[PDB]
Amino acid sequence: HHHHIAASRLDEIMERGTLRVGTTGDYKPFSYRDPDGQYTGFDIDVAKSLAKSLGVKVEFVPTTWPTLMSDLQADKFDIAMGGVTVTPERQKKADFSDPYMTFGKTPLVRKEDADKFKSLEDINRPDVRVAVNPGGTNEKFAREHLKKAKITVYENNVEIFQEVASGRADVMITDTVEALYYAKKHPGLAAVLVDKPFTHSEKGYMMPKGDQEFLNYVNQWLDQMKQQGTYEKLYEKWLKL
């Protein structure tokens, strides 16, 4: 409320004049170090834009994966921003923003086929040569959701991405991170982000439990950020999408 009674974390931040952002600095492309050992990445950029929305300075507080949750609970920083995946273990002890990225499996295809394979429907066709490694989630995704396609099983150390590029297969199913990396590093390949059933996880900003005020601010701000195209530019800049 305004005819209000209480001070919130959102007030503490405004009164102190700094947003303390917990981040690991060991995770490209979200949070890492440039050639000088300053913070760089996707969520370093976002962090700065959140501080600026608030009218405050950003202060980056080093944390590590092993102490992320206890640092957050011990009020070392106001928010964790650093490609944090939303996991049940993490939600037990923290609140998450709405998701700013979804991920899981991502098809990797030739560059000129990018527009051609953009849905499950486009991919699950009998002329489509699908490539996977044996024995894990890539193979199981294909057997489950791509039954009309011609699925070939390779081996884990084979360069399957290169089978796609050279035209010996059409679509490689792999984790998002790998798709994105092979597409960025090969001029002939493109990664196409598709929603369910391909996506199975999400990334969010992690906040201490019980302050709906800051969390609501963040969520309104994320949505504003989506709406004006800022996440698109970030995807482009950092994910080379």
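All residue numbers are counted from 1 along the displayed sequence.
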Highest mean C-alpha temperature factor of the two stretches 202-210 and 28-36, which is it? 28-36
Which has higher Cα B-factors on average according to the PDB entry: 108-116 or 94-102? 108-116
By the entry's values, the third containing the CA B factor of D78 is the middle
Among the modelled residues of its chain, the C-alpha B-factor of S49 falls in the third labelled middle
Among the modelled residues of this chain, does the Cα B factor of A190 put it in the lowest, middle or highest third? lowest
Give the position of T176 by CA B-factor within its chain, expressed as the lowest, middle or highest third. lowest
On the chain's distribution of Cα B-factors, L222 falls within the third called middle
